[PDB]
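Just the one chain here, the form deposited in one PDB entry, laid out as structure tokens.
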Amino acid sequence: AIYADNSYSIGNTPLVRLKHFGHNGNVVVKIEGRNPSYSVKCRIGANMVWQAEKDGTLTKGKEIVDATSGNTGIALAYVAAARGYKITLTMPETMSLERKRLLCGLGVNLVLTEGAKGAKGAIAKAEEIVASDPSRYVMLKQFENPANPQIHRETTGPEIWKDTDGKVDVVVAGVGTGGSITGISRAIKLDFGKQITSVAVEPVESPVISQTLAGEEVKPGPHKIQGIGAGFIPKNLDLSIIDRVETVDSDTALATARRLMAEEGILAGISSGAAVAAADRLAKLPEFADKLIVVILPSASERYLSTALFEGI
């Protein structure tokens, strides 16, 4: 059909079988880089705006404010442009020129907060701007907004079900906001009624889901797997549908994304490498020999050209 604006074109991303991972083709990847602003977040940028519209919280003239410069910021930016909203994104003055340019290109009002304050300083500023005129500004809050996992339950999940003809046995997804694994798992286990294994992936450097579930002291840590490992349990992560948590280290995630490019011809991002590394480990366990493992690849390689993904390559 013909989409009325770019937000409506979200999803319908392809599944590609891996040849150099898994065992006898039991690992299949879902390419979320193929989306209107080239990541999985395009789905939630679209649906958080749509739902806010339906709820009356977003109206003509009101402006979006958020504190992200990552995939969600880019997603909200294209949606704001497509649907005629002003958007302000806050972020530390220390952000890359290339990302500022991308966001400025999409028409975003950039508010650069103090470098020394990092992400926290940006979050504060966004909240202070919203507090300045709550009748004018709306913060959509990707970590707790249920419209996030809801779009995955309505789109990403049913796409996996349909493209595998219901044969999917395992879903492997890195957890950032938790929306993907939550929505996908709700779709497949509840709407389609299949008792699959839902695998959350997190960095070994910041294994807060593993620590939580084990009743251990929660100890986040720095890592390089962009998009996952936020260092807390997000509200949009439904722990009740998680069957297994796999941890992956930053180096192996990076190495795996590079293997995806050079061995599979798949331009995967960093967290995509992490997710495939976790899935490859499961795929080589005899218990998963006859099981179809579907892996979310959240983003595309070119978004990481100034990162360690290509540094030294």
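Think of the rigid core as the biggest set of C-alphas that the two forms share within 1.5 Å after superposition. Residue numbers here begin at 1 and follow the sequence given.
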**Asked** So which stretch wins on mean C-alpha B-factor, 60 to 68 or 280 to 288?
**Response** 60 to 68
**Fill in**
Mean Cα B-factor check, 72 to 80 vs 133 to 141, entry values; winner is 133 to 141
**Message:** So if I compare the CA B-factors in the entry for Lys189, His152, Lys235, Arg101, which one is the largest?
**Reply:** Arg101
**Complete:** Of the residues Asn109, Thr177, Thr212, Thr182, the one whose Cα carries the largest B-factor in the deposited record is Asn109
**Asked** Split the chain's modelled residues into thirds by Cα B-factor; is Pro207 in the lowest, middle or highest one?
**Response** lowest
**Item:** Among modelled residues of the same chain, the CA temperature factor third for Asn24
**Value:** highest
**Prompt:** Compared with the other modelled residues in the chain, in which third is the CA B-factor of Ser96?
**Reply:** highest
**Message:** Per the entry's values, where does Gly157 land by CA temperature factor relative to the rest of its chain, in the lowest, middle or highest third?
**Reply:** lowest
**Request:** Sorting the chain's modelled residues by C-alpha B-factor, tell me whether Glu114 ends up in the lowest, middle or highest third.
**Result:** highest
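Keep in mind that the form deposited in another entry is missing from the display, and what follows is about it.
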**Request:** Identify which of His223, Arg83, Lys189, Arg99 has its C-alpha displaced by 2 Å or more between this form and the one not shown once the rigid core is superposed.
**Result:** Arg99
**Large Cα shift (2 Å or above) at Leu213 between this form and the one not shown, core-fitted** = no
**Request:** Look at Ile270 and decide if its Cα position differs by 2 Å or more between this form and the one not shown after superposing on the rigid core.
**Result:** no
**Prompt:** After a core superposition, would you say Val27 shifts its C-alpha by at least 2 Å between this form and the one not shown?
**Reply:** no
